[PDB]
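Engineer: Protein chains in written order, with our numbering: chain A, 1 to 139; chain B, 1001 to 1064; chain C, 2001 to 2097; chain D, 3001 to 3647; chain E, 4001 to 4068; chain F, 5001 to 5107. From the three backbone atoms N, C-alpha and C, an ideal C-beta is built for every residue, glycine too.
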Amino acid sequence: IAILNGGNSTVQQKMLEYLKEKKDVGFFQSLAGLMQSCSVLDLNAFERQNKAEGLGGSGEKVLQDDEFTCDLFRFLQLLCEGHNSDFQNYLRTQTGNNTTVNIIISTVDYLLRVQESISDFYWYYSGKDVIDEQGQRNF
Amino acid sequence: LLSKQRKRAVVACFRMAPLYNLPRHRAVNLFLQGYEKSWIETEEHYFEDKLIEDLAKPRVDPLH
Amino acid sequence: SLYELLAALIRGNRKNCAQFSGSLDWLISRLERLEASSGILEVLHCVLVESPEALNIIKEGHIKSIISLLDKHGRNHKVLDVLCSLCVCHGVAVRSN
Amino acid sequence: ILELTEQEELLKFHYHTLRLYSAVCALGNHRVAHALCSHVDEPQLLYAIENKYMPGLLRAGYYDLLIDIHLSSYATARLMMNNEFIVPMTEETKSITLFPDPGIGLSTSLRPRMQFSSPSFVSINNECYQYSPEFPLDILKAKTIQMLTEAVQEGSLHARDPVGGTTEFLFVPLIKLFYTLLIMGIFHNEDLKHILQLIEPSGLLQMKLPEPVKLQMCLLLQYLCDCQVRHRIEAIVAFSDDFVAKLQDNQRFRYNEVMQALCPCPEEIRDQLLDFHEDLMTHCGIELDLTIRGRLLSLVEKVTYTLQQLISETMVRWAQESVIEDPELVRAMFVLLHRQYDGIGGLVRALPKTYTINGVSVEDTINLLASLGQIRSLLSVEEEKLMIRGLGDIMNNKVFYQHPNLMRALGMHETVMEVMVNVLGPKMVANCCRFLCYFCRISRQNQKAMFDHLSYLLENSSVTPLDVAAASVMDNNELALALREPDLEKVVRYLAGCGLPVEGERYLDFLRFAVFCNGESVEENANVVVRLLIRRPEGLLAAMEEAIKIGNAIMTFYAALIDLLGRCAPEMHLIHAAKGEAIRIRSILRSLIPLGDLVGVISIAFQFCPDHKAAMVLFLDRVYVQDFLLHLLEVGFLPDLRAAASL
Amino acid sequence: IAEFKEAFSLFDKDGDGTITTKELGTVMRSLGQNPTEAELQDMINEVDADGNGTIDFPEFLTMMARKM
Amino acid sequence: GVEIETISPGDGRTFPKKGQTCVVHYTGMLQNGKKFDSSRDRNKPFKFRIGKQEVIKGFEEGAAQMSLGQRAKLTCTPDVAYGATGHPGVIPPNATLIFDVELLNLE
Ligand SMILES: [Ca+2]
Ligand SMILES: [Ca+2]
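(1) According to DSSP, which residues form a beta bridge with D/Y3456?
(2) Are any of the Cβ atoms in chain D nearer than 8 angstroms to that of F/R5071?
(3) Hey, is E/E4039's beta-carbon within less than 8 angstroms of any beta-carbon in chain D?
(4) Output the boundary residues of the alpha helix (DSSP H) element that contains D/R3230.
(5) For the putative contact between D/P3133 and D/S3117, defined by C-beta atoms under 8 angstroms, what is the C-beta separation to the nearest angstrom?
(6) Listed from N- to C-terminal order along the chain, which residues in the segment 44–57 of chain A have their beta-carbon within a distance smaller than 8 angstroms of any beta-carbon of chain E?
(7) Which residues of chain D have a Cβ atom closer than 8 angstroms to the Cβ of C/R2075, listed in chain order?
(8) I'd like to know whether the C-beta of residue 4092 of chain E is nearer than 8 angstroms to at least one C-beta of chain D.
(9) For D/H3283, which residues in the same chain have their Cβ closer than 7 angstroms to its Cβ, ignoring the five residues on either side in sequence?
(10) Please state the DSSP three-state secondary structure of D/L3641.
(11) By DSSP, does D/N3126 sit in helix, in strand, or in coil?
(12) Output, in chain order, the set of chain D residues within a Cβ distance shorter than 7 angstroms of C/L2083.
(13) Under 8 angstroms, do D/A3235 and D/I3357 count as touching if we go by C-beta distance?
(14) Using the C-alpha atoms, what's the distance from B/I1040 back to residue 2955 of chain D?
(15) For D/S3377 and D/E3009, I'd like the C-alpha separation in whole angstroms.
(16) Could you pull out every residue in the same chain whose Cβ sits closer than 7 angstroms to the Cβ of E/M4064, ignoring the five residues on either side in sequence?
(17) Would you kindly work out how many angstroms separate the C-alpha atoms of D/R3230 and D/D3068, rounded to a whole number?
(18) Rounded to whole angstroms, what's the CA-CA distance from residue 2958 of chain D to D/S3371? Just pull it up for me.
(19) Looking at C-beta atoms only, is the number of pairs between the segment 1001–1017 of chain B and the segment 3310–3318 of chain D that lie closer than 8 angstroms three or more?
(20) With DSSP run on the structure shown, which of helix, strand or coil describes F/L5097?
(21) Assuming D/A3559 contacts D/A3615 under a Cβ cut-off of 8 angstroms, what Cβ separation, rounded to an integer in Å, is found between them?
(22) To the nearest angstrom, how far is the alpha carbon of D/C3433 from that of D/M3407?
(23) Check distances from the C-beta atoms of the segment 3317–3345 of chain D to those of chain B and list, in chain order, the residues that come in under 7 angstroms.
(24) Is it right to say D/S3072 is buried, meaning 16 or more other beta carbons lie within 10 angstroms of its own, or is it exposed?
(25) Within its chain, find whatever has a CB closer than 7 angstroms to the CB of F/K5057; leave out the 5 residues flanking it on each side and keep chain order.
(26) For the putative contact between D/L3198 and D/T3149, defined by C-beta atoms under 8 angstroms, what is the C-beta separation to the nearest angstrom?
(27) My output table needs one value for F/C5076: the three-state DSSP class, helix, strand or coil.
(28) Please tell me whether C/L2055 has its Cβ less than 8 angstroms away from any Cβ of chain D.
(29) Over what stretch of residues does the alpha helix (DSSP H) that includes D/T3356 continue unbroken?
(30) D/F3619 by DSSP, collapsed to three states: which one?
(31) Within a Cβ cutoff of 6 angstroms, which residues of the same chain sit near C/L2070, ignoring the five residues on either side of it in sequence?
(32) Please return the same chain residues whose Cβ sits closer than 6 angstroms to the Cβ of F/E5054, not counting the five positions on each side in sequence.
(33) DSSP puts F/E5102 in a beta bridge; with which residues?
(34) Roughly how many whole angstroms lie between the Cα atoms of C/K2059 and C/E2035?
(35) Are D/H3016 and C/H2077 close, meaning C-beta to C-beta below 8 angstroms?
(36) Return the residues of the segment 5076–5092 of chain F that lie within a Cβ-Cβ distance of less than 9 angstroms from chain D, sorted by chain order.
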């Protein structure tokens, strides 16, 4: 990220010929694997963290490690900054390697686990109607 | 009324006099524990461009 | 050339050297042929350096055959690479041997 | 031996014999080290070091054998205790001048002992052969300095002659004896200053060096940096004695003078009334964002930090003038560079290892420290009967209870772990797991540390190796709330494997602690495995009575499945009734299993006998309003006063 | 001398001589504070000496000497 | 019965009694002449108490019949020595020993 930072255009060209002369299936298999778990805000661990708050190094749930989660997708963005017409097609059909991974489809399905998550944090909080501090900081 | 005005006295007295007053060796142990969590993590760390400027100074570069 | 083909098939693979466990009593049995000793010695030296499971098969009777090779043949340093590879494994030191 | 230079086979076979004299006596075989002191015979080791015509390999042989006979059992015990920094705070420990305005003066820390046995041949040899052989150090520690000065101040003309045939065998096993002589607690300040003029002058470090000789020098400076960190940490504790005594009173007296001339607690006592450690961040976090806070900013200005420049100049110069292969040299060159730019982060990762103890408990922590490395050196080897004597003497020691954050910081809940995982690739486990169950009870937050290996520990249930998993959850409440479902899910999978027994009574006894843990059930763990155990199999009036005739196996497996199902009952309040779907589980425990309790409540205690009724009466007292007070009355209390004179 | 006996008898609820955590919780939940269990266990074990856990009569008197 | 050959004469009359320490400098070898032990090598004069069953019985009995300054060439019997078990690493099973012992001081 701190190398591709402004949407650098030589670095998106070095990081593409390397995916085509040293033909890596393991890169794209890792990237769909890295977004496999990666996060979700879950309220099941929040209620126990809320129930313990009644009678007892905190915040260890938070969005299930968001700092890796923003940084993985911000890195995925910067491979397409400046509208690369090839990195928007070498993330979908992947004509070089044998097995093709569809990251564009796969990065939709992470978001769908964040829609259903933060809708469900609404419904737990939909009735109390008064903001608590640890309901702000986790939302 | 007047009976519970000492109930605030005795209950808060339990957490009054020992506050690193009773243990000696567990206080110096606890002082450095607090010292390493606030007072140590400072920000002298603006070396990070002097170093990488001095690593790319020539063969093959020290950074390479 | 039959013994060097055996030594090549094991030398890198640790998993292969584990499956050379049970056959080890037969190789050291054949050690006293005195014409094929240079094959089995380099095979066994390319076994004990690899997997610690084959280090546990060697009992007191198996070492004294390797000691007895040294008396009948004398100045052979490749025997002392086996016994150097026998009393210390990868990291741990088998204090029985 | 000098005529061996022209005899190729007779040189190589005596090289590869000196490798066997060292591979046999390696990692502390103190009986064999006393045996090769007869074939190697010490006053010729002093000869073979000084001789400048001995061949290329055989110089490296006799150096690497001297180290692995007399020295390198004690020198490795001062490399396990390199990153502990536990330090007594007796009277002279405050006498550190803290930065006198690597040749250190005091170094008052608590590093291990050395003991040397005289290698003779007598009839008490089991008492002798337990440490090491000795050979005179005052001869050697002066000899290797004149062996250095004869090397560098003569070798600077860059001859084609030198001692080993190349310049590798001249300088590699001379530094390697020089290195492992530095660590062993010798080379006092009359010799440290005498030897630093060879490297610093402020010269060996500015010479021309090959690769695997300059690798040894990287491990020489990397001890000199970790000799200053030992001085800085010993300077902080010299400062943190009076500064905590000028805060034990000045805070507390104003916490007492104010709270004598006040009664209530509006804010004057409430301002610092909290946890003791959290109050320590309160009084010491305020000084940078009074009178005592005019002492820190002088010291934290002078705990900035010479040789930090000449390291970071040379280790970047060496990478300039060469294309350096052997990538263990490159990595060892850059860790020593980066430590010079980050002196803070190395000083960060020492403070979660240090500790302070008084002068009276000095006499027992060293016997722990001596008996800890014996546990710790046994990690890499009927090799076990030293561990059991070692583990037992830790527990019978004084300082194992009274400083249980020190013993959490030496790492010995993971040392005994790594001993255990070796054995579980028999009688060792039952003295390994008995140490952990004694370990979880001495402190609350200690139990939190041991919790993290629970995800491994459940894969190792033998028949004890599950008691560690039980006593990690047992009494505390937060950890009982902390575990998820697939931790519990693998347990009740295994009970389906017990659809044949006696190993069901021990799987369930863990599941009691995950759901009850304080006197009242935990609600989320209540709603789990009963949501699982519907889909598992495990009339039952026929089984509970016929086991009296058969004899305590199925008699108590069902007399503990009941006590499991009694804890994971919702409440004894209207939290049971007036709630949502918590009444649904109230019906499952009475409709999947009908009551039929007459097999349990009366017949069992009339001759196992008292407890199986006590397990059955709890399941009655949770899931199961005045006529029933009379029907079950006088059950069992017929033998109450009957056997009363048979105590 | 005797009013601290009266505060002890108000604090004592079960008649056992050892004040457990539960009575401190039931007087704290009506006093004006909302604590955790660790702080409440501390307010019985901050003056802890031997491992009895509960605060008994003589250390309560010698602690009452250390306030009033 | 062990073979005690005197080499140098000491003074003869002042002999070590039972219940004393024996300052000995000694060098031991096998029958073949190979040297397995010394005390000139490690450079410490050996010391031991008579009768406490510390040093072997051949060494003890041969150190009994000496005096101050007298040196002896004990040829000890293997059955009074380490025996058929010998010593694992240094002494072979059932080999005779040749000690050159020399007393220096007593108590
Ligand atoms: Ca009570
Ligand atoms: Ca008590």
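Structural biologist: Inspection of the coordinates gives the following:
(1) In the fourth sequence, the residue the question calls residue 3456 of chain D occupies position 456. The partner list for D/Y3456 (beta bridge, DSSP) is empty, contrary to what the question assumes.
(2) As a working note, residue 5071 of chain F is residue 71 in the sixth sequence. No, because no Cβ of chain D sits closer than 8 angstroms to the Cβ of F/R5071.
(3) The count along the fifth sequence starts at 1 and reaches residue 4039 of chain E at position 39. With 8 angstroms as the cut-off, E/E4039 counts as an interface residue toward chain D.
(4) Here residue 3230 of chain D refers to the residue found at position 230 of the fourth sequence. Run containing D/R3230: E3211 to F3239, per the alpha helix (DSSP H) assignment.
(5) Your numbering for residue 3133 of chain D matches position 133 in the fourth sequence. Your numbering for residue 3117 of chain D matches position 117 in the fourth sequence. Right, their Cβ atoms sit about 7 angstroms apart.
(6) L55 and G56
(7) Numbered from 1 along the third sequence, position 75 holds the residue referred to as residue 2075 of chain C. Here the neighbours are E3009, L3010 and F3013.
(8) Here chain E has residues from 4001 to 4068 only, and residue 4092 of chain E is not among them.
(9) Here residue 3283 of chain D corresponds to residue number 283 of the fourth sequence, with the count starting at 1. Hits under 7 angstroms: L3247 and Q3251.
(10) For this step, residue 3641 of chain D is matched to residue 641 along the fourth sequence. Three-state DSSP puts D/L3641 in coil, outside helix and strand.
(11) One-based indexing of the fourth sequence puts residue 3126 of chain D at position 126. Helix.
(12) Counting from one through the third sequence, the residue named residue 2083 of chain C turns up at place 83. Result: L3020.
(13) As a position in the fourth sequence, residue 3235 of chain D is number 235, starting the count at 1. As a position in the fourth sequence, residue 3357 of chain D is number 357, starting the count at 1. Their beta carbons are not under 8 angstroms apart, which means D/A3235 does not touch D/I3357 by this criterion.
(14) As shown, chain D starts at 3001 and ends at 3647. That puts residue 2955 of chain D outside it, with no answer to give.
(15) To locate residue 3377 of chain D, count along the fourth sequence from 1; it is residue 377. To locate residue 3009 of chain D, count along the fourth sequence from 1; it is residue 9. If you take the alpha carbons of D/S3377 and D/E3009, they lie about 38 angstroms apart.
(16) On the fifth sequence, residue 4064 of chain E is found 64 positions in, with the first residue counted as 1. Hits under 7 angstroms: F4004.
(17) Indexing the fourth sequence from 1 puts residue 3230 of chain D at position 230. Indexing the fourth sequence from 1 puts residue 3068 of chain D at position 68. Distance between the alpha carbons of D/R3230 and D/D3068 is about 27 angstroms.
(18) Only positions 3001 to 3647 of chain D appear in the structure, and residue 2958 of chain D is not among them; the question remains open.
(19) no
(20) Numbered from its first residue, the sixth sequence carries residue 5097 of chain F at position 97. Three-state DSSP puts F/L5097 in a strand.
(21) Translated into the one-based positions of the fourth sequence, residue 3559 of chain D becomes position 559. Translated into the one-based positions of the fourth sequence, residue 3615 of chain D becomes position 615. Right, their Cβ atoms sit about 5 angstroms apart.
(22) If you number the fourth sequence from 1, residue 3433 of chain D lands on position 433. If you number the fourth sequence from 1, residue 3407 of chain D lands on position 407. Straight-line Cα distance between these residues: approximately 17 angstroms.
(23) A3319, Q3320, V3323, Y3341 and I3344
(24) Stepping through the fourth sequence from its first residue, residue 3072 of chain D is reached at position 72. That one is buried.
(25) The residue labelled residue 5057 of chain F in the question sits at position 57 within the sixth sequence. Here the set comprises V5080.
(26) Here residue 3198 of chain D refers to the residue found at position 198 when the fourth sequence is read from its first residue. Here residue 3149 of chain D refers to the residue found at position 149 when the fourth sequence is read from its first residue. Contact holds; Cβ gap of about 7 angstroms.
(27) As a first step, residue 5076 of chain F must be located in the sixth sequence, where it is residue number 76. The answer is strand: DSSP assigns F/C5076 an E or B state.
(28) For this step, residue 2055 of chain C is matched to residue 55 along the third sequence. Output row for C/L2055: interface = no.
(29) Numbered from 1 along the fourth sequence, position 356 holds the residue referred to as residue 3356 of chain D. First-last for D/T3356: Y3355 to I3357, but that is the beta strand (DSSP E), not the alpha helix (DSSP H).
(30) Working through the fourth sequence from its first residue, we reach residue 3619 of chain D at position 619. DSSP places D/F3619 in helix when its eight states are reduced to three.
(31) By 1-based counting over the third sequence, the position of residue 2070 of chain C is 70. Around C/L2070: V2079.
(32) Taking the sixth sequence and counting its residues from 1, one reaches residue 5054 of chain F at position 54. Cβ within range, chain order: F5048.
(33) Numbered from its first residue, the sixth sequence carries residue 5102 of chain F at position 102. F/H5025 and F/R5071, per the DSSP bridge assignment.
(34) Taking the third sequence and counting its residues from 1, one reaches residue 2059 of chain C at position 59. Taking the third sequence and counting its residues from 1, one reaches residue 2035 of chain C at position 35. Approximately 25 angstroms, taken between the alpha carbons.
(35) Walking along the fourth sequence from the start, residue 3016 of chain D turns up at place 16. Walking along the third sequence from the start, residue 2077 of chain C turns up at place 77. Going by C-beta atoms, D/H3016 is nearer than 8 angstroms to C/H2077.
(36) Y5082, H5087, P5088, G5089, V5090 and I5091
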